[PDB]
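Peer 1: Supplied in structure tokens, the structure appears directly below.
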Amino acid sequence: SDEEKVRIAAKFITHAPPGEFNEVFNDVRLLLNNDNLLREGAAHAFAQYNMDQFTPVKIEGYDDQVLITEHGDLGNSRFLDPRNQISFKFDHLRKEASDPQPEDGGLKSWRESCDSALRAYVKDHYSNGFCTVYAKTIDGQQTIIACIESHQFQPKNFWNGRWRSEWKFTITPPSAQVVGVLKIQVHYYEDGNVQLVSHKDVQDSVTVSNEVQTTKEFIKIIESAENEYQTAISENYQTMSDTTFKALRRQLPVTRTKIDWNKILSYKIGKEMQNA
Amino acid sequence: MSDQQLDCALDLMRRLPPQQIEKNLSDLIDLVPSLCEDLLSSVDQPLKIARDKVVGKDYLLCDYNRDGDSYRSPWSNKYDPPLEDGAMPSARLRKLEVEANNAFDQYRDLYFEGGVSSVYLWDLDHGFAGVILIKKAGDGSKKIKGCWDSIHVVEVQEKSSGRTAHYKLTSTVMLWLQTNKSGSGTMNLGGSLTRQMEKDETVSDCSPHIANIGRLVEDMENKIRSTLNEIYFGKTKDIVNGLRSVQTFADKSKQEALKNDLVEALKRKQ
Amino acid sequence: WXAXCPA
Amino acid sequence: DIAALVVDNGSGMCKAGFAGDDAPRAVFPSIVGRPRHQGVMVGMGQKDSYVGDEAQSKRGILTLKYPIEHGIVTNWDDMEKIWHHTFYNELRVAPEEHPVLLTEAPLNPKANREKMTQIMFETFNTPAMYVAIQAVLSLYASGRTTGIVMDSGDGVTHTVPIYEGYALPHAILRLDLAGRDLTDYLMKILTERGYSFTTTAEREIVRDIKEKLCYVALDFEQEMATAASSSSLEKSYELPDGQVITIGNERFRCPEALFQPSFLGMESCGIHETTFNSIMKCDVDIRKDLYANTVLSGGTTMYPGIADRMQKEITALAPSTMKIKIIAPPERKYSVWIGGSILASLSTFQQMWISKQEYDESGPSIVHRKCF
Amino acid sequence: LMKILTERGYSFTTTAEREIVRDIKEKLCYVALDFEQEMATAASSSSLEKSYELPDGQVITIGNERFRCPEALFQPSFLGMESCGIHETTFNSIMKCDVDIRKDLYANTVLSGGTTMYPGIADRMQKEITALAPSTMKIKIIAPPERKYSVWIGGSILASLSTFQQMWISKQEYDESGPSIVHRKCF
Ligand SMILES: Nc1ncnc2c1ncn2[C@@H]1O[C@H](COP(=O)(O)OP(=O)(O)O)[C@@H](O)[C@H]1O
Ligand SMILES: Nc1ncnc2c1ncn2[C@@H]1O[C@H](COP(=O)(O)OP(=O)(O)O)[C@@H](O)[C@H]1O
Ligand SMILES: [Mg+2]
């Protein structure tokens with residue numbers, strides 16, 4: 001059925017490697033061979049993808065880009081920038097912002113206390129990343145959501161990469177839970193395809209003060225946590241060749257010398273004595 | 001448009017997760033029906049272990065030992081399901097096919113420490129061309145979870161002088177890894193690769209056709225696994241590093257000043 | 001031996 | 001006034017001199033010798049440790065220890081003897097009034113450089129010092145601001161791609177295979193014909209036999225067939241006791257271990273694949289610049305025929321549109337030192353010495369944020 | 001032993017007498033567990049001396065010289081040699097092996113051949129190798145009570161295998177490539 005064929009299209013599209021949505025989309029369109037079906041069905045899948053990517057976009061005439069997220073989804077293909085307190089229509093196919101409208105409670109103080117400290121963490125540690133503080137109330141609890149994205153794409157060096165991150169804090173006086181999720185994807189396509197995909201949960205708790213100093217607790221945790229996660233990854237790639245990647249296949253035999261294909265019967269005889 | 005459909009479908013299989021290629025490729029076939037026989041015969045697939053009940057050694061399934069909807073087991077030379085008119089190699093080749101199945105079982109044992117392997121052979125007008133299949137999966141513990149899939153295609157141009165032959169190998173390697181720790185989270189690495197090479201080695205009683213390809217395969221797999229470890233240890237490492245510094249890196253005036261002085265001095269000196 | 005050591 | 005001192009002090013040999021000359025003043029084997037037997041004759045002078053060239057001269061009664069192993073200092077109380085000998089017996093100048101430039105192989109533990117600067121400041125009282133990367137200077141010695149330097153000292157190997165002077169720290173490939181491993185493997189393969197060199201002194205005999213006769217062949221299998229079919233690759237050597245040994249196949253089997261480390265029991269890649277990975281690990285817009293300006297260096301690259309062999313291997317690895325060109329200077333052995341004498345003699349480098357005042361106000365760790 | 005026995009006043013220099021020296025060695029000498037403590041034991045009170053009778057009927061008496069001969073295994077400096085003892089030799093040979101397999105190596109360290117049949121060599125080897133290897137590792141010096149012929153026993157076991165019935169270099173094979181064929185077949 002064209003519903004299932006379109007369902008298979010959403011499968012393929014929503015797994016597109018970061019920065020390669022357009023290249024997947026053209027082939028999926030041409031293989032489906034129906035722009036009308038794809039324009040009526042896949043408009044959900046494109047939105048699913050642009051949220052999963054925390055897609056950054058430049059609002060025209062404004063000083064910083066904004067991150068497309070479910071935490072900013074207003075329906076109608078509108079999204080919120082909580083920094084300027086304005087919403088825009090977003091083109092989920094073209095990645096264009098349009099129609100900036102005013103989109104003005106007690107979370108404001110927190111929204112600010114956090115955002116400048118978060119932009120300081122971005123300025124300190126990210127080369128070309130972005131961030132946003134969304135804020136919401138859940139069952140009367142004040143909930144602050146801090147989002148980070150970084151993405152380098154180089155279709156002339158043949159590699160694409162992304163480092164997304166999301167954090168939650170909920171005011172539970174004199175304390176809070178801290179929930180973090182760190183997500184990475186990367187792909188290299190020079191004469192072969194190699195892909196890293198990796199997600200980590202982080203969780204901790206904090207003791208409250210005024211909003212300002214409480215924010216510096218939040219950032220000091222996030223800094224320590226991302227520093228440890230990236231450290232763990234660097235040590236892991238410096239250790240896999242002799243442990244994990246060594247598990248699947250051995251770089252060289254226990255002999256530490258290539259096989260001597262003349263002698264090949266001799267390699268039986270140890271295992272003969274395990275039956276003897 | 002048909003090749004434009006075909007070249008676009010092959011661009012999909014470079015831009016998907018490699019853990020589910022045998023799922024995505026079936027899905028791509030599921031979406032379009034006109035490309036069934038092509039992509040099963042053109043792009044690679046992870047293998048499929050079937051069971052031998054006569055002798056009791058596992059083996060692998062591909063298109064070269066396939067006749068109709070059955071598959072030739074190399075350890076018994078009988079198709080399962082039982083066919084009474086299949087495709088058999090010559091009595092010259094059955095001597096070699098067990099010999100190459102002895103050697104690449106031994107290359108399976110020293111390098112992988114487990115897994116399954118298979119060799120098949122078929123004939124050409126002036127030589128023989130074969131296939132070497134190898135699969136090894138995770139042993140059961142969680143840091144090992146993932147599979148390796150090696151597929152080779154050799155061909156041999158036996159020159160009628162009887163001294164030297166022309167060897168040609170087109171290898172591909174499918175890989176997927178998943179490691180889990182408390183500090184590193186959950187890394188689901190993986191990928192794929194293909195290469196080819198040639199050789200003109202002499203053939204004699206001191207270096208037969210079994211020992212000739214036996215140096216050809218384990219050299220190419222070493223040249224493939226070494227540089228595949230230098231894509232992980234290569235780009236996918238410092239791409240992740242090149243996305244922030246743990247350190248506030250300062251300005252560089254005098255370092256750059258020394259660079260400039262060196263440049264100016266070497267404009268005369270060189 | 002021939003060089004170094006007797007044998 | 002005062003002229004800066006340059007001291008390589010890499011594995012195997014210490015090369016030191018004054019900055020401004022075109023050759024190191026003193027080159028001596030960086031070893032330390034302890035007497036293996038107890039003296040019986042008095043009134044003729046007895047030392048508990050011969051250092052430098054004296055040790056190699058009297059190696060027949062000494063146990064010889066190299067203070068550096070694989071580029072990492074293993075016994076500092078002998079490295080201090082090495083430096084004291086360098087300063088007072090070869091250069092003949094007190095270090096307390098001469099700034100010094102030292103070299104370090106890349107990717108060496110931070111504790112090594114830290115202890116190095118701490119010793120150089122607190123024991124020898126030098127007014128100021130600096131630590132440069134051992135491979136970067138060798139690209140200055142050739143005048144190339146950009147290019148890939150393959151340095152292969154006697155004990156360590158490293159390939160460093162450097163563009164516009166700023167070396168790329170993400171493509172610096174280390175390799176533990178070097179001259180000392182080639183000496184060990186040469187001993188092990190000499191055992192095949194019946195020659196057993198096993199003592200610490202005889203390692204210098206086999207080391208000299210390698211530095212003199214060994215050579216890298218273009219095609220290994222063809223040369224193996226040649227050395228098997230006839231006796232035209234036989235060469236004779238004369239030990240320092242008069243015996244005459246003869247080596248055939250072993251002449252090129254030993255150095256070829258650089259290109260196939262499997263021969264030596266090493267899982268790593270050869271030096272040609274290492275250089276190709278160092279060129280492939282960087283951008284695709286400068287990969288070509290690196291291919292045309294490949295600079296060799298270090299003593300282990302002084303083998304006859306390594307240039308053509310490296311060129312063949314790299315052009316077989318690299319694409320067919322890139323032009324390969326191996327730049328092999330005629331004085332590679334001292335290339336790292338020469339490049340130093342340039343860097344120290346620059347009129348813009350004298351604002352980069354770690355001054356003793358700066359040291360005491362910031363501790364040793366300042367070396368980790370002053371030297372790149 | 002032919003050298004250290006002179007300090008007592010004995011002279012064996014003839015090849016016929018080297019056999020008597022070998023017989024005294026494999027009858028009285030024994031490795032000590034703490035060489036310095038046994039030296040102090042011998043210097044404190046003579047209770048280690050044993051009487052041996054040559055084929056002439058003289059009654060020689062070796063005391064301290066019992067363990068000074070086998071100790072030369074662990075300290076080749078006594079023989080004017082530079083290399084290290086047998087324990088450090090085994091330690092370096094093991095640490096040259098692949099890291100993953102080392103865990104099983106330290107458990108199956110086996111002594112063999114004649115010279116390892118010294119009284120007390122097992123405990124000494126174990127102490128030395130466990131003081132050299134880390135404490136997490138399990139050191140087992142397995143010493144078969146018939147290790148004088150273990151090489152031949154293993155050769156017989158290997159030769160009796162049907163799988164080994166194809167590994168014999170045959171005469172007709174020898175005629176093809178000359179004696180050099182031995183370098184190819186044998187590992
Ligand atoms: N042609 C050669 N063949 C073999 N070994 C050589 C050759 N040339 C130099 N070497 C080795 O390299 C050493 C010189 O290296 P050098 O340039 O001083 O760097 P390092 O100070 O790290 O040893 C020699 O002493 C020798 O062991
Ligand atoms: N208990 C022992 N103490 C000292 N030496 C011994 C002992 N047992 C055997 N040996 C010595 O070991 C050697 C015998 O070892 P063996 O296994 O026969 O090897 P080989 O065949 O090379 O002699 C002889 O020198 C013998 O005197
Ligand atoms: Mg050097």
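By convention here, the chains of the structure tokens are called A, B, ... in the order presented, each chain's residues are numbered starting at 1, and ligands are numbered starting at 1 in the order presented.
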What's around residue 3 in chain C at 12 Å? Count only C-alpha atoms, leave out sequence neighbours fewer than 3 positions away in its own chain, and write the answer as a PyMOL selection string.
Peer 2: (chain C and resi 6-7) or (chain D and resi 190-191+193-198+202+238-246)
Peer 1: Extract the full set of helix (DSSP H, G or I) residues from range 17-169 of chain E according to DSSP on the backbone, and format it as a ChimeraX atom specification.
Peer 2: /E:17-28,35-44,65-68,70-73,76-79,86-95,99-105,115-117,121-132,150-159,163-166
Peer 1: Compile the residues of chain B that lie within 12 Å of chain D, evaluated using only C-alpha atoms, and express the compilation as a PyMOL selection string.
Peer 2: chain B and resi 197+200-202+219+222-239+241-242+247-270
Peer 1: List all protein, DNA and RNA residues that have an atom no more than 9 Å from any atom of ligand 3, counting only C-alpha atoms and all ligand atoms, and report them as a PyMOL selection string.
Peer 2: chain D and resi 8-15+103+105+134-135+151-157+297-299+333-337
Peer 1: List the neighbours of residue 127 in chain D out to 6 Å using only C-alpha atoms; skip same-chain residues closer than 4 positions along the sequence, and give me the result as a list in words.
Peer 2: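 Selected residues are residues 97, 99 and 356 of chain D.
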Peer 1: As a ChimeraX atom specification, which residues of range 10-243 of chain B does DSSP assign to strand (DSSP E)?
Peer 2: /B:49-50,59-60,66-67,70-73,78-80,116-123,128-136,146-158,165-177,179-181,185-187,190-199
